Number of protein chains: 2
Amino acid sequence: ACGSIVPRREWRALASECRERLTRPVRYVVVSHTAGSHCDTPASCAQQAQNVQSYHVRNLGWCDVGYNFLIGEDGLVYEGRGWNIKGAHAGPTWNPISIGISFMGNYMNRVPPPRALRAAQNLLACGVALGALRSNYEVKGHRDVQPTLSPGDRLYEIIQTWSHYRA
Amino acid sequence: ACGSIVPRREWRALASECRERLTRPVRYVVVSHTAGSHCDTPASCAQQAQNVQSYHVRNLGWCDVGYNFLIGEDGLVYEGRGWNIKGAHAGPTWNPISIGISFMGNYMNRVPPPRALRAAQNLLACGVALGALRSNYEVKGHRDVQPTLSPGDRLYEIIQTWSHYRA
Ligand SMILES: N[C@H](CCC[C@H](N)C(=O)O)C(=O)O
């Protein structure tokens, strides 16, 4: 088990119905925030991934949670659509050429804790390590590719300092 | 770099006074339990890591927490002595030739949750990737190399199914 990713079944996900595959290795990573509630325990962040997926599935009518992975302030990564299934998180130009990771919260006036950030970068290395990502992958913030405040001012200024970030 | 580890400072560890280095690559991994209180959040697990360190330093007179790494039921790994410094967790024959990882809890009547187990296994893969552990490393229960009940019956039964387990 590559990163220490919480599997779909462990956060009680509805089964996915998405079919569209991403072509590896993938070039881009897009970092979003959920603009949802935050959580900082495994129990609270499992519920929160449930809740986000529930909105996407029941309400937006999507095949699964839109993000490939979610990050909790518990410092764990929650399997969304995964490495191999095209996401619904950054519009039609970016969904097919990226992995979308989303921090569970609103980081406009808040920073995610260092454990959340470590879990994100550990996830990405793990992606390289598996061949899901390019070794020279490029990180975009959600607002760099779509009109939105996502991932929040505070979170966005941090991912700007990441070695793989490209505006 | 590899994995995600909660660093010493983040859990508010006393400065280490330990100096003896292990010789890489290390061949053996010894898995214990602390036989202490469990914790299932980053906040409670950081506290617990302090308590364990406090006990070993202040009461037992050791140079640091005895373990190289601790595992919380929050699903995070807590930095102890690290990959490079000799632990105090398995006696004078095993301490110089092993990495000691301890699950924070009492696993006599109780299993650690899948996320603790994942954190532990991934940690070891990272030791391998790092050259800290041999690729053909062996995992031992604490009871395999010393008389005590550690790492606890339930947890012992689990580590017996790990692919690197050798009695
Ligand atoms: N490569 C990872 C280990 C994960 C196992 C992965 N190789 C798989 O079987 O999918 C690492 O060293 O962090």
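Here is the naming used below: chain letters follow the sequence lines, and residue numbers restart at 1 for every chain.
Put simply, of B:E73, B:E10, B:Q121, the one with the most heavy-atom pairs under 4.5 Å next to chain A is B:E10. Here B:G3 is the residue among B:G3, B:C2, B:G75 with the most heavy-atom pairs under 4.5 Å with chain A.
In the hydrophobic clustering of ILVMFWY residues, with side-chain heavy atoms under 4.5 Å counting as a link, B:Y55 and B:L14 come out apart. Residues B:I99 and B:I85 fall into different hydrophobic clusters, defined by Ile, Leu, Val, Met, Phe, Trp and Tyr side chains chained together at heavy-atom separations under 4.5 Å. Clustering ILVMFWY residues whenever any of their side-chain heavy atoms sit less than 4.5 angstrom apart, transitively, puts B:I101 in the very cluster that holds B:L130. A continuous path of ILVMFWY side-chain contacts below 4.5 Å connects A:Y165 to A:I71, so both sit in one hydrophobic cluster. Two different hydrophobic clusters hold B:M108 and B:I158 under the rule that ILVMFWY side chains link at heavy-atom gaps under 4.5 Å.
If you measure heavy-atom distances from B:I5 to chain A, the contacts under 4.5 Å come from the backbone alone.
Identified by a heavy-atom distance below 4.5 Å to chain A, contributing residues of residues 28-38 of chain B are lacking entirely.
Atom CZ of A:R27 has more than 12 neighbouring heavy atoms from other residues, nucleotides or ligands inside a 6.0 Å radius. Within a 6.0 Å sphere centred on CZ of A:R24, other residues, nucleotides and ligands contribute more than 12 heavy atoms. When the shell of 6.0 Å around CD of A:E20 is examined, it contains 12 or fewer heavy atoms from other residues, nucleotides or ligands.
The two residues B:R118 and A:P7 have their closest heavy-atom pair at NH1-CD, 3.5 Å. In this structure, B:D40 and A:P42 approach most closely via the heavy-atom pair O-CD, 3.4 Å. Heavy atoms only, all atoms of each residue included: B:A119 and A:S4 are closest at CA-OG, 3.7 Å.
Residues A:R9 and B:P114 fail the side-chain proximity criterion, which asks for heavy atoms closer than 4.5 Å.
Counting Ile, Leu, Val, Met, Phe, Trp and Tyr side chains that sit under 4.5 Å apart, directly or through other members, B:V52 shares a hydrophobic cluster with A:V6, A:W11, A:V52, A:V65, A:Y67, A:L70, A:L76, A:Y78, A:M104, B:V6, B:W11, B:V65, B:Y67, B:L70, B:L76, B:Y78, B:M104.
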